[PDB]
Amino acid sequence: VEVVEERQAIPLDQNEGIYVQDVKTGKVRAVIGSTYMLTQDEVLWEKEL
Amino acid sequence: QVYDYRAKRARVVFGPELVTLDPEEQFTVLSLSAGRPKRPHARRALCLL
């Protein structure tokens, strides 16, 4: 096995979170509330107002 | 008065008691009609008398 990248802490509170996307199926969703490190496939997704 | 985004709940207070906000709580700022005579937006303040 070989290292790829180091996930870092992503502090979060109630009524706060970030958009993310499931690359395996393209599933964007907005995680919120409690602090949540990204899983193996999820990646940051950008909002467009 | 101050509204709590976290509890999704407003709360009001008056008299000789200092306010102590929760982090998501926000002041209900109030525009006032001030100026030497009258003016729709002058001396804005949350401290209604």
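Residues numbered from 1 in each chain as written, not as in the entry; some residues may be left out. Chains lettered and ligands numbered in written order. Part of a larger assembly, values for the part shown. Heavy atoms only, no water.

For this deposited structure, the header cites cryo-EM as the method used and 4.90 Å as the resolution.

Attention now goes to the overall build of chain B. Each helix and strand counted, chain B has zero helices and three strands in total. Along the longest, intermediate and shortest principal axes, the C-alpha atoms of chain B span 40 × 25 × 15 Å. For chain B, the share of sequence-separated contacts (at least 6 apart) that also reach a separation of at least 24 residues comes to 10%. In chain B, which carries 9 positive and 5 negative side-chain charges, the distance between the mean positions of the two groups comes to 17 Å. (Helix = DSSP H or I, 4+ residues; strand = E, 2+ residues; numbered from the N terminus. Contact = heavy atoms within 4.5 Å. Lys, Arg positive; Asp, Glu negative; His and termini not counted. Charge placed at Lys NZ, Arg CZ, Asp CG, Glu CD.)

What follows deals with the packing of aromatic side chains. Throughout the structure, instances matching the rule amount to two aromatic pairs over all chains. Taken together, a centroid distance of 5.5 Å and an interplanar angle of 65 degrees make the contact between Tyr19(A) and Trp45(A) edge-to-face. Taken together, the residues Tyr19(A) in strand β1 (residues 17-22) and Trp45(A) in the segment after β3 (42-44) connect sequence positions 26 residues apart. An angle of 75 degrees between the planes, with centres 5.5 Å apart, marks the rings of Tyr3(B) and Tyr5(B) as edge-to-face. Taking relative accessible area as the criterion, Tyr5(B) reaches 42% and is therefore assigned partly exposed. (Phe/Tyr/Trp six-rings, centres within 6.5 Å; stacked < 30°, edge-to-face > 60°. Buried < 20%, exposed > 50% of the residue type's maximum accessible area, 1.4 Å probe, protein only.)

Turning to the sheet that holds strand β2 (residues 9-11) of chain B, a few remarks are in order. Residues and elements named next belong to chain B. As summarised here, the arrangement of the three strands in space is β2-β1-β3, forming an open sheet in which the pairing is antiparallel. Of all strands in the sheet, those bounded by a partner on one side alone are β2 and β3 (25-27). The sheet shows a mean angle of 25 degrees between the axes of neighbouring strands, taken without regard to direction. Inspection of the sheet shows strand β1 (residues 2-4) paired to β2 by three bridges, in the antiparallel sense. From the neighbouring strand, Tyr3 faces β2, where its bridge partner is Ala10. (Pairing = 2+ DSSP bridges. Axes fitted to C-alpha atoms, helices over the stretch in contact; angles between N-to-C directions.)

Residues and elements named next belong to chain A. Read from one edge of the open sheet, three strands run β2-β1-β3, paired in antiparallel fashion. The two strands at the open ends of the sheet, each matched to only one other strand, are β2 (27-32) and β3. Mean inter-strand twist for the sheet, computed between neighbouring axes without regard to direction, equals 40 degrees. Bridge count between β1 and β2: six bridges; the pairing is antiparallel. Looking at β2, one finds that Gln21 is bridged to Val28.

Attention shifts here to the side chain of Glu25(B). Residue and element names in this part refer to chain B. For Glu25, the location among the structural elements is in strand β3. Classification of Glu25 by relative accessible area gives buried; the value is 3%. Within the local environment of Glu25, its side chain forms a polar contact with the side chain of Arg11, the two groups lying 2.5 Å apart. Within the structure, the side chain of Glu25 is placed 2.9 Å from the backbone nitrogen of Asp22, a separation counted as a polar contact. Ignoring any residue separated from it by four or fewer positions in sequence, one finds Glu25 in contact with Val2, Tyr3, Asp4, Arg11 and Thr20. (Polar contact = N/O pair within 3.5 Å; in protein donor to acceptor, adjacent residues only side chain to side chain.)

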